[PDB]
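Below you'll find the structure, written out as structure tokens, and then a few comments.
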Amino acid sequence: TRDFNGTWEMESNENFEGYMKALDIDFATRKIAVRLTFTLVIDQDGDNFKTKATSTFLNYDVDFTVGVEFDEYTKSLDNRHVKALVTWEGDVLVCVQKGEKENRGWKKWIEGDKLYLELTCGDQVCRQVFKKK
Ligand SMILES: *C/C=C/c1cc2ccc(N(CC)CC)cc2oc1=O
């Protein structure tokens, strides 16, 4: 399936700290962020995605169109400029954030009712799993 619509509640989180440290996120923010769960809300209409991940503290809020590159300021996260592009590799949704950091981006896919997220920066991979509400 290429349909990621839903409210996705966090089931699993592995190595979020390594990903954030590879982005050089300030220590106090990273130490608080690694403790906190969050919910991922995806509104998808064709190529058009609105995604938002909300925790009691931090924010993640990105809208994009599959196949359309966009210049992105990463704002609240690590305050960097990247050229972001989201495409399909089969049923895996792949994002590359071209810029200073190597191997920066993510992959999302659905495997037996659960949403998998792999966040990558440099040699660090964070894996998260969510269940659909
Ligand atoms: C494709 C989904 C990406 C994604 C990336 C994220 C980056 C940072 C954060 N937080 C917690 C709200 C700040 C440390 C969350 C987040 O969720 C995602 O789904």
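Convention: chains lettered A, B, ... in structure tokens order; per-chain residue numbering from 1; ligands numbered from 1 as shown.
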
- Task: Pick out the residues sitting within 8 Å of residue 70 of chain A, and hand them over as a PyMOL selection string; count only C-alpha atoms, and ignore anything fewer than 5 positions along from it in its own chain.
- Result: chain A and resi 64+83-85

- Message: List as a PyMOL selection string the protein and nucleic acid residues near segment 12-17 of chain A, meaning an atom at most 6 Å away when only C-alpha atoms are counted, but skip any in the same chain fewer than 2 places from it.
- Response: chain A and resi 10+19-21+34+126-129

Keeping only N, CA, C and O atoms, write the selected residues to a file as a PDB file, in the first residue's frame.
ATOM      1  N   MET A  10       2.951   5.961  18.673  1.00  0.00           N
ATOM      2  CA  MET A  10       4.271   5.339  18.758  1.00  0.00           C
ATOM      3  C   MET A  10       4.233   4.048  19.567  1.00  0.00           C
ATOM      4  O   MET A  10       3.759   4.031  20.707  1.00  0.00           O
ATOM      5  N   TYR A  19      20.483   9.596  16.080  1.00  0.00           N
ATOM      6  CA  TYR A  19      20.047  10.470  14.995  1.00  0.00           C
ATOM      7  C   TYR A  19      20.149  11.940  15.386  1.00  0.00           C
ATOM      8  O   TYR A  19      20.702  12.759  14.649  1.00  0.00           O
ATOM      9  N   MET A  20      19.633  12.294  16.566  1.00  0.00           N
ATOM     10  CA  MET A  20      19.620  13.705  16.965  1.00  0.00           C
ATOM     11  C   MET A  20      21.032  14.217  17.216  1.00  0.00           C
ATOM     12  O   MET A  20      21.360  15.365  16.902  1.00  0.00           O
ATOM     13  N   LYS A  21      21.887  13.369  17.794  1.00  0.00           N
ATOM     14  CA  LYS A  21      23.269  13.770  18.030  1.00  0.00           C
ATOM     15  C   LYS A  21      24.014  13.976  16.721  1.00  0.00           C
ATOM     16  O   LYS A  21      24.821  14.910  16.593  1.00  0.00           O
ATOM     17  N   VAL A  34      14.603  12.603  23.707  1.00  0.00           N
ATOM     18  CA  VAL A  34      14.734  11.149  23.694  1.00  0.00           C
ATOM     19  C   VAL A  34      13.789  10.481  24.686  1.00  0.00           C
ATOM     20  O   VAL A  34      13.480   9.290  24.535  1.00  0.00           O
ATOM     21  N   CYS A 126      17.774   5.770  13.130  1.00  0.00           N
ATOM     22  CA  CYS A 126      16.753   5.646  14.129  1.00  0.00           C
ATOM     23  C   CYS A 126      15.556   4.979  13.521  1.00  0.00           C
ATOM     24  O   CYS A 126      15.140   5.324  12.385  1.00  0.00           O
ATOM     25  N   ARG A 127      15.006   3.953  14.187  1.00  0.00           N
ATOM     26  CA  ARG A 127      13.859   3.196  13.724  1.00  0.00           C
ATOM     27  C   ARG A 127      12.703   3.411  14.707  1.00  0.00           C
ATOM     28  O   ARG A 127      12.876   3.228  15.916  1.00  0.00           O
ATOM     29  N   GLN A 128      11.569   3.802  14.150  1.00  0.00           N
ATOM     30  CA  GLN A 128      10.355   3.988  14.937  1.00  0.00           C
ATOM     31  C   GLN A 128       9.236   3.184  14.295  1.00  0.00           C
ATOM     32  O   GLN A 128       9.182   3.016  13.076  1.00  0.00           O
ATOM     33  N   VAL A 129       8.334   2.676  15.129  1.00  0.00           N
ATOM     34  CA  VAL A 129       7.186   1.909  14.676  1.00  0.00           C
ATOM     35  C   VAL A 129       5.955   2.504  15.329  1.00  0.00           C
ATOM     36  O   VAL A 129       5.968   2.831  16.518  1.00  0.00           O
TER      37      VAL A 129
END

- Message: Distance limit 8 Å, reference ligand 1, atoms considered: only C-alpha atoms and all ligand atoms. Which residues make the cut? Give them as a PyMOL selection string.
- Response: chain A and resi 20+29-30+33-34+36-40+51-55+57-60+76-77+95+106-108+117-119

- Query: Which residues, written as a PyMOL selection string, have at least one atom at most 7 Å from residue 91 of chain A, with only C-alpha atoms counted and residues fewer than 5 positions away on the same chain left out?
  - Reply: chain A and resi 1-2+109

- Message: Could you check the closest approach to residue 92 of chain A for each of A:66, A:79, A:61, A:104 and tell me which residue wins, using only C-alpha atoms?
- Response: A:66

- Task: Please indicate the distance in Å from atom CA of residue 68 of chain A to atom CA of residue 113 of chain A, rounded to one decimal place.
- Result: 27.6 Å

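Using only C-alpha atoms, the nearest neighbour of residue 103 of chain A within the list A:18, A:122, A:90, A:67 is A:122.
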
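For the set A:100, A:71, A:47, A:89, the residue with the smallest atom-to-atom gap to residue 4 of chain A is A:47, counting only C-alpha atoms.
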
Find the spatial neighbours of residue 133 of chain A, counting only C-alpha atoms, within a cut-off of 8 Å - ignore same-chain residues fewer than 6 positions away - and output them as a compact mmCIF listing (two decimals) with N, CA, C and O atoms, in the first residue's frame.
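Wrote it out as out.txt, contents follow:
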# COMPACT_ATOMS: atom_id res chain seq x y z
N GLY A 6 -3.59 8.49 8.39
CA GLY A 6 -4.00 8.01 9.70
C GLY A 6 -3.36 8.82 10.82
O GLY A 6 -2.51 9.68 10.61
N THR A 7 -3.83 8.52 12.03
CA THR A 7 -3.20 8.93 13.27
C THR A 7 -2.41 7.75 13.78
O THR A 7 -2.96 6.66 14.00
N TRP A 8 -1.09 7.94 13.93
CA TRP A 8 -0.15 6.86 14.17
C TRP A 8 0.48 7.05 15.53
O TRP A 8 1.19 8.04 15.77
N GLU A 9 0.22 6.12 16.44
CA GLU A 9 0.71 6.23 17.81
C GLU A 9 1.97 5.38 17.99
O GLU A 9 2.05 4.25 17.51

- Message: Residues within 9 Å of residue 46 of chain A, please, as a ChimeraX atom specification. Count only C-alpha atoms; anything in the same chain fewer than 3 positions from it doesn't count.
- Response: /A:3,49,65-66

- Message: Residues of chain A classed as alpha helix (DSSP H) by DSSP on the backbone are to be reported as a list in words.
- Response: residues 16, 17, 18, 19, 20, 21, 22, 27, 28, 29, 30, 31, 32 and 33 of chain A

With N, CA, C and O atoms retained, could you export that selection as a compact mmCIF listing (two decimals), in the first residue's frame?
# COMPACT_ATOMS: atom_id res chain seq x y z
N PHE A 16 16.86 7.06 18.65
CA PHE A 16 16.53 8.46 18.38
C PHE A 16 17.66 9.38 18.82
O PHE A 16 17.94 10.39 18.16
N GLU A 17 18.36 9.04 19.91
CA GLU A 17 19.44 9.90 20.38
C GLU A 17 20.60 9.95 19.39
O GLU A 17 21.18 11.02 19.16
N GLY A 18 20.96 8.82 18.79
CA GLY A 18 22.03 8.83 17.80
C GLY A 18 21.71 9.70 16.60
O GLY A 18 22.56 10.46 16.12
N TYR A 19 20.48 9.60 16.08
CA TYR A 19 20.05 10.47 15.00
C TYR A 19 20.15 11.94 15.39
O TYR A 19 20.70 12.76 14.65
N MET A 20 19.63 12.29 16.57
CA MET A 20 19.62 13.71 16.97
C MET A 20 21.03 14.22 17.22
O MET A 20 21.36 15.37 16.90
N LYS A 21 21.89 13.37 17.79
CA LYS A 21 23.27 13.77 18.03
C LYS A 21 24.01 13.98 16.72
O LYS A 21 24.82 14.91 16.59
N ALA A 22 23.73 13.13 15.72
CA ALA A 22 24.34 13.28 14.40
C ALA A 22 23.91 14.58 13.71
O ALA A 22 24.62 15.06 12.83
N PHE A 27 22.35 19.66 23.59
CA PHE A 27 22.32 18.53 24.52
C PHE A 27 21.03 18.50 25.32
O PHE A 27 20.38 17.47 25.44
N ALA A 28 20.63 19.65 25.88
CA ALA A 28 19.43 19.66 26.72
C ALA A 28 18.19 19.29 25.92
O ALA A 28 17.35 18.51 26.40
N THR A 29 18.06 19.81 24.71
CA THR A 29 16.91 19.46 23.87
C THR A 29 16.90 17.97 23.56
O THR A 29 15.86 17.31 23.65
N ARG A 30 18.06 17.42 23.17
CA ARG A 30 18.13 16.00 22.83
C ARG A 30 17.79 15.12 24.02
O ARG A 30 17.10 14.11 23.88
N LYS A 31 18.29 15.48 25.21
CA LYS A 31 18.04 14.63 26.37
C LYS A 31 16.57 14.62 26.75
O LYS A 31 16.03 13.58 27.15
N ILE A 32 15.89 15.77 26.61
CA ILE A 32 14.45 15.79 26.84
C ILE A 32 13.72 15.05 25.73
O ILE A 32 12.80 14.25 26.00
N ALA A 33 14.11 15.27 24.47
CA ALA A 33 13.38 14.70 23.34
C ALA A 33 13.46 13.17 23.31
O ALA A 33 12.49 12.51 22.93

- Could you jot down the atom CA of residue 72 of chain A to atom CA of residue 123 of chain A separation for me, Å, one decimal place? 21.8 Å

- DSSP-assigned strand (DSSP E or B) members of segment 8-101 of chain A, reported as a PyMOL selection string: chain A and resi 8-14+39-45+48-54+59-65+70-73+81-89+92-98

- What is the distance between atom CA of residue 24 of chain A and atom CA of residue 86 of chain A, in Å to one decimal?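 Separation of atom CA of residue 24 of chain A and atom CA of residue 86 of chain A: 23.4 Å.
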
- Message: When you count only C-alpha atoms, which of these residues is closest to residue 35 of chain A: A:23, A:63, A:5, A:56?
- Response: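 Using only C-alpha atoms, residue 35 of chain A sits closest to A:56.
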